[PDB]
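Structure data (CSV, N, CA, C and O atoms and all ligand atoms) from target_20.csv:
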```
chain,number,residue,atom,x,y,z
G,1,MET,N,65.6,-41.5,21.7
G,1,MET,CA,64.6,-42.7,21.5
G,1,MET,C,63.2,-42.2,21.3
G,1,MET,O,62.8,-41.2,21.8
G,2,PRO,N,62.4,-42.9,20.4
G,2,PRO,CA,61.0,-42.5,20.2
G,2,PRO,C,60.1,-42.4,21.4
G,2,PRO,O,60.2,-43.1,22.4
G,3,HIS,N,59.1,-41.4,21.2
G,3,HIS,CA,58.1,-41.3,22.2
G,3,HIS,C,56.9,-42.0,21.6
G,3,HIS,O,56.9,-42.5,20.5
G,4,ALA,N,55.7,-42.0,22.4
G,4,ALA,CA,54.5,-42.3,21.8
G,4,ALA,C,54.0,-41.2,20.8
G,4,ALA,O,54.6,-40.1,20.8
G,5,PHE,N,53.1,-41.6,19.9
G,5,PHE,CA,52.6,-40.7,18.9
G,5,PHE,C,51.8,-39.6,19.7
G,5,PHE,O,51.1,-39.9,20.7
G,6,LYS,N,51.9,-38.4,19.2
G,6,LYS,CA,51.0,-37.3,19.8
G,6,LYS,C,50.4,-36.4,18.7
G,6,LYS,O,50.9,-36.4,17.6
G,7,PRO,N,49.3,-35.7,19.0
G,7,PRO,CA,48.8,-34.8,18.0
G,7,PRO,C,49.8,-33.8,17.4
G,7,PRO,O,50.7,-33.3,18.1
G,8,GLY,N,49.7,-33.7,16.1
G,8,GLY,CA,50.7,-32.8,15.3
G,8,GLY,C,51.8,-33.7,14.7
G,8,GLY,O,52.5,-33.2,13.8
G,9,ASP,N,52.0,-34.9,15.1
G,9,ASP,CA,53.0,-35.7,14.5
G,9,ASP,C,52.6,-36.0,13.0
G,9,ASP,O,51.4,-36.3,12.7
G,10,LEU,N,53.6,-36.1,12.1
G,10,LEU,CA,53.4,-36.3,10.7
G,10,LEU,C,53.8,-37.7,10.4
G,10,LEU,O,54.9,-38.2,10.9
G,11,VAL,N,53.0,-38.3,9.6
G,11,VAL,CA,53.2,-39.8,9.3
G,11,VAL,C,52.9,-40.1,7.8
G,11,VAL,O,52.3,-39.2,7.1
G,12,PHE,N,53.2,-41.3,7.3
G,12,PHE,CA,52.5,-41.9,6.2
G,12,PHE,C,51.6,-42.9,6.9
G,12,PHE,O,52.1,-43.6,7.8
G,13,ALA,N,50.3,-42.9,6.6
G,13,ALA,CA,49.4,-43.8,7.2
G,13,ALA,C,49.0,-44.9,6.2
G,13,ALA,O,48.7,-44.5,5.0
G,14,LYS,N,48.8,-46.2,6.6
G,14,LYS,CA,48.6,-47.2,5.7
G,14,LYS,C,47.1,-47.7,5.9
G,14,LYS,O,46.8,-48.1,7.0
G,15,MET,N,46.4,-47.7,4.8
G,15,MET,CA,45.0,-48.3,4.8
G,15,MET,C,45.0,-49.4,3.8
G,15,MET,O,45.6,-49.2,2.7
G,16,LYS,N,44.3,-50.5,4.1
G,16,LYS,CA,44.0,-51.6,3.1
G,16,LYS,C,43.7,-51.0,1.7
G,16,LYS,O,42.8,-50.1,1.6
G,17,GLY,N,44.4,-51.5,0.7
G,17,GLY,CA,44.1,-51.1,-0.7
G,17,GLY,C,44.6,-49.8,-1.1
G,17,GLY,O,44.4,-49.4,-2.3
G,18,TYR,N,45.3,-49.0,-0.2
G,18,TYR,CA,45.9,-47.8,-0.6
G,18,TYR,C,47.4,-47.7,-0.3
G,18,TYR,O,47.9,-48.3,0.6
G,19,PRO,N,48.1,-46.9,-1.1
G,19,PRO,CA,49.5,-46.6,-0.8
G,19,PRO,C,49.7,-45.9,0.5
G,19,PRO,O,48.7,-45.3,1.0
G,20,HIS,N,50.8,-46.1,1.2
G,20,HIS,CA,51.1,-45.3,2.4
G,20,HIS,C,50.9,-43.8,2.1
G,20,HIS,O,51.4,-43.3,1.1
G,21,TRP,N,50.0,-43.1,2.9
G,21,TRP,CA,49.4,-41.9,2.6
G,21,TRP,C,49.9,-40.7,3.5
G,21,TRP,O,49.9,-40.9,4.7
G,22,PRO,N,50.3,-39.5,3.0
G,22,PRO,CA,50.7,-38.5,3.9
G,22,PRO,C,49.5,-38.0,4.8
G,22,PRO,O,48.4,-37.8,4.3
G,23,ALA,N,49.8,-38.0,6.1
G,23,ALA,CA,48.8,-37.7,7.1
G,23,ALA,C,49.4,-37.1,8.4
G,23,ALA,O,50.6,-37.0,8.6
G,24,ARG,N,48.5,-36.7,9.3
G,24,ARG,CA,48.9,-36.3,10.6
G,24,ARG,C,48.1,-36.9,11.7
G,24,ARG,O,46.9,-37.3,11.4
G,25,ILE,N,48.6,-36.9,12.9
G,25,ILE,CA,47.9,-37.3,14.1
G,25,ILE,C,47.1,-36.0,14.4
G,25,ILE,O,47.7,-35.0,14.7
G,26,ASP,N,45.7,-36.1,14.5
G,26,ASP,CA,44.9,-35.0,14.8
G,26,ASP,C,44.7,-34.8,16.2
G,26,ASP,O,44.8,-35.7,17.0
G,27,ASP,N,44.3,-33.5,16.6
G,27,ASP,CA,43.8,-33.3,18.0
G,27,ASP,C,42.3,-33.7,17.9
G,27,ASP,O,41.7,-33.9,16.8
G,28,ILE,N,41.7,-33.9,19.1
G,28,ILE,CA,40.2,-34.2,19.1
G,28,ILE,C,39.6,-32.9,19.6
G,28,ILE,O,40.1,-32.4,20.6
G,29,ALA,N,38.7,-32.3,18.8
G,29,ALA,CA,38.1,-31.0,19.2
G,29,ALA,C,37.2,-31.2,20.4
G,29,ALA,O,36.7,-32.3,20.7
G,30,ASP,N,37.1,-30.1,21.2
G,30,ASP,CA,36.1,-30.2,22.3
G,30,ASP,C,34.8,-30.6,21.7
G,30,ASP,O,34.3,-30.0,20.7
G,31,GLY,N,34.1,-31.5,22.4
G,31,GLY,CA,32.8,-31.9,21.9
G,31,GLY,C,32.8,-33.0,20.8
G,31,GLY,O,31.7,-33.5,20.4
G,32,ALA,N,33.9,-33.3,20.3
G,32,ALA,CA,34.1,-34.2,19.1
G,32,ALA,C,34.1,-35.6,19.5
G,32,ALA,O,34.5,-36.0,20.6
G,33,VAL,N,33.8,-36.5,18.6
G,33,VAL,CA,33.8,-37.9,18.8
G,33,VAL,C,35.2,-38.4,19.0
G,33,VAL,O,36.1,-38.1,18.2
G,34,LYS,N,35.4,-39.1,20.1
G,34,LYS,CA,36.7,-39.7,20.5
G,34,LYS,C,37.0,-40.9,19.7
G,34,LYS,O,36.1,-41.6,19.4
G,35,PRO,N,38.3,-41.3,19.5
G,35,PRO,CA,38.6,-42.5,18.8
G,35,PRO,C,38.3,-43.7,19.7
G,35,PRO,O,38.3,-43.6,20.9
G,36,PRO,N,38.3,-44.9,19.2
G,36,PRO,CA,38.4,-46.1,20.0
G,36,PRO,C,39.7,-46.2,20.8
G,36,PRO,O,40.7,-45.7,20.4
G,37,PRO,N,39.7,-46.9,22.0
G,37,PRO,CA,40.9,-47.3,22.7
G,37,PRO,C,42.0,-47.8,21.7
G,37,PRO,O,41.7,-48.5,20.8
G,38,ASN,N,43.2,-47.3,22.0
G,38,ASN,CA,44.4,-47.7,21.3
G,38,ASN,C,44.5,-47.2,19.8
G,38,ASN,O,45.4,-47.6,19.1
G,39,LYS,N,43.5,-46.4,19.5
G,39,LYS,CA,43.5,-45.8,18.1
G,39,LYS,C,43.7,-44.2,18.2
G,39,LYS,O,43.4,-43.6,19.2
G,40,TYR,N,44.3,-43.7,17.1
G,40,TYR,CA,44.5,-42.3,17.0
G,40,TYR,C,43.7,-41.7,15.9
G,40,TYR,O,43.4,-42.4,14.9
G,41,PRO,N,43.2,-40.4,15.9
G,41,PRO,CA,42.5,-39.9,14.8
G,41,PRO,C,43.5,-39.5,13.7
G,41,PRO,O,44.4,-38.7,14.1
G,42,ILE,N,43.4,-40.1,12.6
G,42,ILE,CA,44.4,-39.7,11.5
G,42,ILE,C,43.7,-38.8,10.5
G,42,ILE,O,42.7,-39.2,9.9
G,43,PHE,N,44.3,-37.6,10.2
G,43,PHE,CA,43.8,-36.8,9.2
G,43,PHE,C,44.7,-36.9,7.9
G,43,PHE,O,45.9,-36.8,8.0
G,44,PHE,N,44.1,-37.4,6.8
G,44,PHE,CA,44.8,-37.7,5.6
G,44,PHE,C,44.9,-36.4,4.8
G,44,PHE,O,43.9,-35.8,4.4
G,45,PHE,N,46.2,-36.0,4.5
G,45,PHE,CA,46.3,-34.8,3.6
G,45,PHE,C,45.8,-35.1,2.2
G,45,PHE,O,45.7,-36.2,1.7
G,46,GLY,N,45.3,-34.0,1.5
G,46,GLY,CA,44.9,-34.1,0.1
G,46,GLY,C,43.4,-34.5,0.1
G,46,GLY,O,42.7,-33.6,-0.4
G,47,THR,N,43.0,-35.6,0.6
G,47,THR,CA,41.6,-36.0,0.6
G,47,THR,C,40.9,-35.3,1.8
G,47,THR,O,39.7,-35.1,1.7
G,48,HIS,N,41.6,-35.0,2.8
G,48,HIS,CA,41.1,-34.4,4.1
G,48,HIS,C,40.1,-35.3,4.8
G,48,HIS,O,39.2,-34.8,5.5
G,49,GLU,N,40.2,-36.6,4.6
G,49,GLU,CA,39.5,-37.6,5.3
G,49,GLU,C,40.0,-37.9,6.7
G,49,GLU,O,41.2,-37.6,6.9
G,50,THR,N,39.2,-38.4,7.6
G,50,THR,CA,39.7,-38.9,8.9
G,50,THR,C,39.4,-40.4,9.0
G,50,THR,O,38.3,-40.8,8.7
G,51,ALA,N,40.4,-41.1,9.5
G,51,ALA,CA,40.2,-42.5,10.0
G,51,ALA,C,40.9,-42.7,11.3
G,51,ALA,O,41.8,-42.0,11.7
G,52,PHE,N,40.5,-43.8,12.0
G,52,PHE,CA,41.1,-44.1,13.3
G,52,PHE,C,42.1,-45.3,13.1
G,52,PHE,O,41.6,-46.4,12.6
G,53,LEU,N,43.3,-45.1,13.3
G,53,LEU,CA,44.3,-46.1,13.1
G,53,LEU,C,45.2,-46.4,14.4
G,53,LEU,O,45.4,-45.5,15.2
G,54,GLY,N,45.8,-47.6,14.4
G,54,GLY,CA,46.7,-47.8,15.5
G,54,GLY,C,48.2,-47.7,14.9
G,54,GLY,O,48.4,-47.7,13.7
G,55,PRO,N,49.2,-47.7,15.8
G,55,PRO,CA,50.6,-47.5,15.5
G,55,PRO,C,51.1,-48.4,14.4
G,55,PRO,O,52.0,-48.1,13.7
G,56,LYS,N,50.6,-49.6,14.3
G,56,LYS,CA,51.1,-50.6,13.3
G,56,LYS,C,50.9,-50.0,11.8
G,56,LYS,O,51.7,-50.4,10.9
G,57,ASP,N,50.0,-49.1,11.6
G,57,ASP,CA,49.8,-48.5,10.3
G,57,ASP,C,50.3,-47.1,10.2
G,57,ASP,O,50.0,-46.5,9.2
G,58,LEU,N,51.2,-46.6,11.1
G,58,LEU,CA,51.6,-45.3,11.2
G,58,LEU,C,53.2,-45.3,11.1
G,58,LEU,O,53.9,-45.8,11.9
G,59,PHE,N,53.7,-44.6,10.0
G,59,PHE,CA,55.1,-44.6,9.7
G,59,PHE,C,55.6,-43.1,9.8
G,59,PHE,O,55.1,-42.3,9.1
G,60,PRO,N,56.5,-42.8,10.8
G,60,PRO,CA,56.9,-41.4,10.9
G,60,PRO,C,57.4,-40.8,9.6
G,60,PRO,O,58.2,-41.4,8.9
G,61,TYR,N,57.0,-39.6,9.3
G,61,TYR,CA,57.2,-38.9,8.0
G,61,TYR,C,58.7,-38.8,7.7
G,61,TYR,O,59.1,-39.2,6.6
G,62,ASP,N,59.5,-38.3,8.6
G,62,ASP,CA,60.9,-38.0,8.3
G,62,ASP,C,61.6,-39.3,7.9
G,62,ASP,O,62.4,-39.2,7.0
G,63,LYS,N,61.4,-40.4,8.7
G,63,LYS,CA,62.1,-41.6,8.4
G,63,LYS,C,61.7,-42.2,7.0
G,63,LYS,O,62.5,-42.8,6.3
G,64,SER,N,60.4,-42.0,6.6
G,64,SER,CA,59.7,-42.7,5.6
G,64,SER,C,59.6,-42.0,4.2
G,64,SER,O,59.1,-42.6,3.3
G,65,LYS,N,60.0,-40.7,4.2
G,65,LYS,CA,59.6,-39.9,3.1
G,65,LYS,C,60.3,-40.3,1.8
G,65,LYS,O,59.8,-40.2,0.7
G,66,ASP,N,61.6,-40.8,1.9
G,66,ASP,CA,62.3,-41.2,0.8
G,66,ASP,C,61.7,-42.4,0.1
G,66,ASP,O,61.8,-42.5,-1.1
G,67,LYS,N,61.1,-43.2,0.9
G,67,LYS,CA,60.3,-44.4,0.4
G,67,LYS,C,59.0,-44.0,-0.2
G,67,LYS,O,58.6,-44.5,-1.2
G,68,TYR,N,58.2,-43.3,0.6
G,68,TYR,CA,56.7,-43.2,0.3
G,68,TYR,C,56.3,-41.9,-0.3
G,68,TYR,O,55.1,-41.8,-0.7
G,69,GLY,N,57.2,-40.9,-0.3
G,69,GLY,CA,56.8,-39.5,-0.6
G,69,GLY,C,57.1,-39.2,-2.0
G,69,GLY,O,58.0,-38.3,-2.3
G,70,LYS,N,56.5,-39.9,-2.9
G,70,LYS,CA,56.7,-39.8,-4.4
G,70,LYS,C,55.3,-39.7,-5.0
G,70,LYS,O,54.4,-40.3,-4.4
G,71,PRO,N,55.1,-39.0,-6.1
G,71,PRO,CA,53.8,-38.9,-6.7
G,71,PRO,C,53.1,-40.2,-7.0
G,71,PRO,O,53.7,-41.3,-7.2
G,72,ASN,N,51.8,-40.2,-6.8
G,72,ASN,CA,50.9,-41.3,-7.0
G,72,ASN,C,49.7,-40.8,-7.9
G,72,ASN,O,49.3,-39.7,-7.8
G,73,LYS,N,49.1,-41.8,-8.6
G,73,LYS,CA,48.0,-41.5,-9.5
G,73,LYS,C,46.7,-41.3,-8.6
G,73,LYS,O,45.7,-40.7,-9.1
G,74,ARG,N,46.7,-41.9,-7.4
G,74,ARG,CA,45.5,-41.8,-6.6
G,74,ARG,C,45.1,-40.4,-6.3
G,74,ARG,O,45.9,-39.5,-6.2
G,75,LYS,N,43.7,-40.2,-6.2
G,75,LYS,CA,43.1,-39.0,-6.1
G,75,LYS,C,43.5,-38.3,-4.8
G,75,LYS,O,43.2,-38.9,-3.7
G,76,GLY,N,44.0,-37.1,-4.9
G,76,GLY,CA,44.3,-36.4,-3.7
G,76,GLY,C,45.7,-36.6,-3.2
G,76,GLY,O,46.2,-35.8,-2.3
G,77,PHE,N,46.4,-37.6,-3.7
G,77,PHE,CA,47.7,-37.9,-3.2
G,77,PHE,C,48.7,-36.8,-3.3
G,77,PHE,O,49.5,-36.5,-2.4
G,78,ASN,N,48.8,-36.2,-4.5
G,78,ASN,CA,49.9,-35.2,-4.8
G,78,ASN,C,49.6,-33.9,-4.0
G,78,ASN,O,50.5,-33.2,-3.6
G,79,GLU,N,48.3,-33.6,-4.0
G,79,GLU,CA,47.9,-32.5,-3.1
G,79,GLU,C,48.3,-32.8,-1.7
G,79,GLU,O,48.8,-31.9,-1.0
G,80,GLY,N,48.1,-34.0,-1.2
G,80,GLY,CA,48.6,-34.5,0.1
G,80,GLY,C,50.1,-34.3,0.3
G,80,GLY,O,50.5,-33.8,1.4
G,81,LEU,N,50.9,-34.6,-0.7
G,81,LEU,CA,52.3,-34.4,-0.5
G,81,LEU,C,52.6,-32.9,-0.4
G,81,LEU,O,53.5,-32.5,0.4
G,82,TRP,N,51.9,-32.1,-1.1
G,82,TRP,CA,52.2,-30.6,-1.0
G,82,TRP,C,51.9,-30.2,0.4
G,82,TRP,O,52.6,-29.5,1.1
G,83,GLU,N,50.7,-30.7,1.0
G,83,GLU,CA,50.3,-30.1,2.3
G,83,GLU,C,51.3,-30.5,3.4
G,83,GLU,O,51.6,-29.8,4.2
G,84,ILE,N,51.7,-31.8,3.4
G,84,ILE,CA,52.5,-32.3,4.5
G,84,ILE,C,53.9,-31.6,4.5
G,84,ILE,O,54.5,-31.4,5.5
G,85,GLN,N,54.4,-31.3,3.3
G,85,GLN,CA,55.7,-30.6,3.1
G,85,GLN,C,55.6,-29.1,3.4
G,85,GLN,O,56.5,-28.5,3.9
G,86,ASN,N,54.5,-28.5,3.0
G,86,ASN,CA,54.4,-27.0,2.9
G,86,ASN,C,53.5,-26.4,4.0
G,86,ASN,O,53.8,-25.2,4.4
G,87,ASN,N,52.5,-27.1,4.5
G,87,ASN,CA,51.7,-26.5,5.6
G,87,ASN,C,51.0,-27.6,6.4
G,87,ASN,O,49.8,-27.6,6.4
G,88,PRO,N,51.8,-28.5,7.0
G,88,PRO,CA,51.2,-29.7,7.6
G,88,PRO,C,50.3,-29.4,8.9
G,88,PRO,O,49.6,-30.2,9.2
G,89,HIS,N,50.4,-28.2,9.4
G,89,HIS,CA,49.7,-27.9,10.7
G,89,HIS,C,48.5,-26.9,10.4
G,89,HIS,O,47.9,-26.4,11.4
G,90,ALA,N,48.2,-26.7,9.2
G,90,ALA,CA,47.1,-25.7,8.9
G,90,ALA,C,45.7,-26.3,9.2
G,90,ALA,O,45.5,-27.5,9.3
G,91,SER,N,44.7,-25.4,9.3
G,91,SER,CA,43.3,-25.8,9.3
G,91,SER,C,42.9,-26.2,7.8
G,91,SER,O,43.0,-25.3,6.9
G,92,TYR,N,42.4,-27.4,7.6
G,92,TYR,CA,41.9,-27.9,6.3
G,92,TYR,C,40.4,-28.1,6.4
G,92,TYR,O,39.9,-28.8,5.5
G,93,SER,N,39.8,-27.7,7.5
G,93,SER,CA,38.3,-27.6,7.6
G,93,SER,C,37.8,-27.0,6.3
G,93,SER,O,38.1,-25.8,6.0
S,101,LIG,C1,43.2,-41.4,1.9
S,101,LIG,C2,42.5,-42.7,2.3
S,101,LIG,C3,43.3,-43.9,2.0
S,101,LIG,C4,42.0,-42.6,3.8
S,101,LIG,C5,40.8,-43.5,3.9
S,101,LIG,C6,40.1,-43.3,2.5
S,101,LIG,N1,41.1,-42.7,1.7
S,101,LIG,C7,41.0,-43.3,0.3
S,101,LIG,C8,39.6,-43.2,-0.3
S,101,LIG,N2,39.2,-41.9,-0.7
```
Could you spell out this file's structure in structure tokens?
Ligand SMILES: CC1(C)CCCN1CCN
Amino acid sequence: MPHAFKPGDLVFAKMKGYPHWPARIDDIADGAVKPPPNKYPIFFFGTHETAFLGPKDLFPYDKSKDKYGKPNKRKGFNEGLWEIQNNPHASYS
């Protein structure tokens, strides 16, 4: 059975006005700004943006990839698909 989300988990994350986007639950670096209560730091592959989301917008990658893991015209999306499949735990600093 599922656990809670933890850093390193791979997801498609949903933001208003955007397709479900390949992303990961990030760690918070020492000294870094912490998310709000009940939110996780989401790192979006491809665009390398960060946003803070709750579980309602987080779809586990393995379950969801057949639905959401297809090319998109949006900027950074296909680069994002490559990263989540090929090196999802790399430094993209
Ligand atoms: C990838 C994502 C949907 C995350 C938040 C902003 N961004 C789109 C705008 N560049």
Go through chain G and flag each residue having an atom no more than 8 Å from ligand LIG 101 (chain S); for those, report the closest pair of atoms plus their distance in Å to one decimal, using only N, CA, C and O atoms and all ligand atoms, ordered by chain and rising number, as a Markdown table.
```
| residue | atom | partner | partner_atom | distance |
| --- | --- | --- | --- | --- |
| G:13 | O | S:LIG101 | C3 | 6.2 |
| G:14 | C | S:LIG101 | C3 | 6.6 |
| G:15 | CA | S:LIG101 | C3 | 5.5 |
| G:16 | O | S:LIG101 | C3 | 6.2 |
| G:17 | C | S:LIG101 | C3 | 6.8 |
| G:18 | CA | S:LIG101 | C3 | 5.4 |
| G:19 | O | S:LIG101 | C3 | 5.7 |
| G:20 | C | S:LIG101 | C3 | 7.6 |
| G:21 | CA | S:LIG101 | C1 | 6.3 |
| G:22 | O | S:LIG101 | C1 | 6.8 |
| G:42 | O | S:LIG101 | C4 | 7.0 |
| G:43 | C | S:LIG101 | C4 | 7.5 |
| G:44 | CA | S:LIG101 | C1 | 5.5 |
| G:45 | O | S:LIG101 | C1 | 5.8 |
| G:46 | C | S:LIG101 | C1 | 7.1 |
| G:47 | CA | S:LIG101 | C1 | 5.8 |
| G:48 | N | S:LIG101 | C1 | 6.7 |
| G:49 | CA | S:LIG101 | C4 | 5.8 |
| G:50 | O | S:LIG101 | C5 | 6.0 |
| G:51 | N | S:LIG101 | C5 | 6.1 |
| G:75 | O | S:LIG101 | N2 | 5.8 |
| G:76 | C | S:LIG101 | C1 | 7.4 |
| G:77 | N | S:LIG101 | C1 | 7.5 |
```
If I take atom CA of residue 90 of chain G and atom CA of residue 1 of chain G, how far is one from the other in Å, to one decimal?
27.5 Å
As a tab-separated table (two decimals) with N, CA, C and O atoms, in the coordinates of the input, please: every residue in segment 27-83 of chain G that DSSP puts in alpha helix (DSSP H).
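Result file is out26.tsv:
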```tsv
chain	number	residue	atom	x	y	z
G	61	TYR	N	57.00	-39.60	9.30
G	61	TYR	CA	57.20	-38.90	8.00
G	61	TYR	C	58.70	-38.80	7.70
G	61	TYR	O	59.10	-39.20	6.60
G	62	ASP	N	59.50	-38.30	8.60
G	62	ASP	CA	60.90	-38.00	8.30
G	62	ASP	C	61.60	-39.30	7.90
G	62	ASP	O	62.40	-39.20	7.00
G	63	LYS	N	61.40	-40.40	8.70
G	63	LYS	CA	62.10	-41.60	8.40
G	63	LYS	C	61.70	-42.20	7.00
G	63	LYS	O	62.50	-42.80	6.30
G	64	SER	N	60.40	-42.00	6.60
G	64	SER	CA	59.70	-42.70	5.60
G	64	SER	C	59.60	-42.00	4.20
G	64	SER	O	59.10	-42.60	3.30
G	65	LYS	N	60.00	-40.70	4.20
G	65	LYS	CA	59.60	-39.90	3.10
G	65	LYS	C	60.30	-40.30	1.80
G	65	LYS	O	59.80	-40.20	0.70
G	66	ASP	N	61.60	-40.80	1.90
G	66	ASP	CA	62.30	-41.20	0.80
G	66	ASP	C	61.70	-42.40	0.10
G	66	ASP	O	61.80	-42.50	-1.10
G	67	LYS	N	61.10	-43.20	0.90
G	67	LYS	CA	60.30	-44.40	0.40
G	67	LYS	C	59.00	-44.00	-0.20
G	67	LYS	O	58.60	-44.50	-1.20
G	68	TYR	N	58.20	-43.30	0.60
G	68	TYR	CA	56.70	-43.20	0.30
G	68	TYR	C	56.30	-41.90	-0.30
G	68	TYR	O	55.10	-41.80	-0.70
G	77	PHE	N	46.40	-37.60	-3.70
G	77	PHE	CA	47.70	-37.90	-3.20
G	77	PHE	C	48.70	-36.80	-3.30
G	77	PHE	O	49.50	-36.50	-2.40
G	78	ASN	N	48.80	-36.20	-4.50
G	78	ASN	CA	49.90	-35.20	-4.80
G	78	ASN	C	49.60	-33.90	-4.00
G	78	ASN	O	50.50	-33.20	-3.60
G	79	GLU	N	48.30	-33.60	-4.00
G	79	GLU	CA	47.90	-32.50	-3.10
G	79	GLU	C	48.30	-32.80	-1.70
G	79	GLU	O	48.80	-31.90	-1.00
G	80	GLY	N	48.10	-34.00	-1.20
G	80	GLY	CA	48.60	-34.50	0.10
G	80	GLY	C	50.10	-34.30	0.30
G	80	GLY	O	50.50	-33.80	1.40
G	81	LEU	N	50.90	-34.60	-0.70
G	81	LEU	CA	52.30	-34.40	-0.50
G	81	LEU	C	52.60	-32.90	-0.40
G	81	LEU	O	53.50	-32.50	0.40
G	82	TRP	N	51.90	-32.10	-1.10
G	82	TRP	CA	52.20	-30.60	-1.00
G	82	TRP	C	51.90	-30.20	0.40
G	82	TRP	O	52.60	-29.50	1.10
G	83	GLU	N	50.70	-30.70	1.00
G	83	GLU	CA	50.30	-30.10	2.30
G	83	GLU	C	51.30	-30.50	3.40
G	83	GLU	O	51.60	-29.80	4.20
```
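The residues of segment 6-76 of chain G that DSSP assigns to strand (DSSP E or B) on this backbone come out as residues 10, 11, 12, 13, 21, 22, 23, 24, 25, 40, 41, 42, 43, 44, 50, 51, 52, 53, 58, 59 and 60 of chain G.
Considering the residues G:82, G:52, G:92, G:40 and counting only C-alpha atoms, residue 5 of chain G has its shortest atom-to-atom contact with G:40.
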Hey, can you check how far atom CA of residue 70 of chain G sits from atom CA of residue 53 of chain G?
22.4 Å
Would you list the residues near (47.4, -31.2, 21.2), meaning any protein, DNA or RNA residue with an atom at most 12 Å from that point in file coordinates, counting only C-alpha atoms, as a PyMOL selection string?
chain G and resi 5-9+24-30+41+89
Skip residue 64 of chain G itself and residues of its chain fewer than 5 positions away, then list as a PyMOL selection string all residues within 8 Å of it, counting all atoms listed in the file.
chain G and resi 10-12+59+69-70
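For the pair atom C of residue 35 of chain G and atom O of residue 67 of chain G, the interatomic distance is 29.1 Å.
In this comparison, which uses only C-alpha atoms, the residue of G:57, G:39, G:4, G:23 approaching residue 79 of chain G most closely is G:23.
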